[PDB]
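For this one, two forms of the same chain are given in structure tokens, first as structure 1 and then as structure 2.
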Structure 1
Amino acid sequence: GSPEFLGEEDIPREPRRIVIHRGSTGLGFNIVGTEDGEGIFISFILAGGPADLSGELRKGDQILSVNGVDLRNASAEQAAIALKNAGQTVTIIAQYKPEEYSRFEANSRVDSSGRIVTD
């Protein structure tokens, strides 16, 4: 009757396992991080790329590990090398951390429903 919007439902904050299958051109997402290793976050998912095709990753996810390699304290450069080298079947542990992510993206913030919005 009244429509049931997904946007009015909380995005799960618990860690998840996601398997991504490499395309001809990589995994179809970009990351941001720091040289001190304060987290690796998905900043962008390419429409139609492997990450998108999984249906299980979003901007603001922190990549905790790749194929069992702990990336919680890695630089973006280290993370990029790990992801490159991860082979054709890539097992990611991710966790949605929009507040932490929002500190990286200019003019962004987290709304009442836990979504990242940019002004």
Structure 2
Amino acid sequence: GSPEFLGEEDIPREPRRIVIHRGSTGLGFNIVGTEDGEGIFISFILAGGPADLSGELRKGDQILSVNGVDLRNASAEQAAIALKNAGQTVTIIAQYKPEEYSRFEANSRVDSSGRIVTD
């Protein structure tokens, strides 16, 4: 009864809508960017936090928008403000961009399935 592993299946690269309900607590993830504004990316999702409990965001996602506010060209500081001030219901449009993300983290690369690997 040979198993069927998720881990080979390609990670979808189209934009997705994620709605997180977090009341008045943190969203539970970290973003990375530059003050240049070349994309804002998720670097880390906290185990058990609202973003984790959504189950639909991952390290390497680019945050395209929050509550209709375009963040494709945001600074990290101003993106954080937007997220922290987004209210109890947070509607994120995200898009998986592991190649771009992998430039941030040491000894990281993307494998054949699109997964981020760190050596």
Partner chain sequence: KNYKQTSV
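Only the largest set of C-alpha atoms that superpose within 1.5 Å between the two forms is called the rigid core. For residue numbers, the reference is structure 1: its sequence is counted from 1.
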item: Displayed copy of the chain that is the form deposited with the partner chain bound; value: 2
item: Cα displacement of residue 23 between structure 1 and structure 2, once the rigid core is superposed (Å); value: 5.1
item: For residue 85, CA displacement between structure 1 and structure 2 after the core is overlaid, in Å; value: 0.6
item: Backbone CA shift between structure 1 and structure 2, residue 36, after core fitting (angstrom); value: 1.1
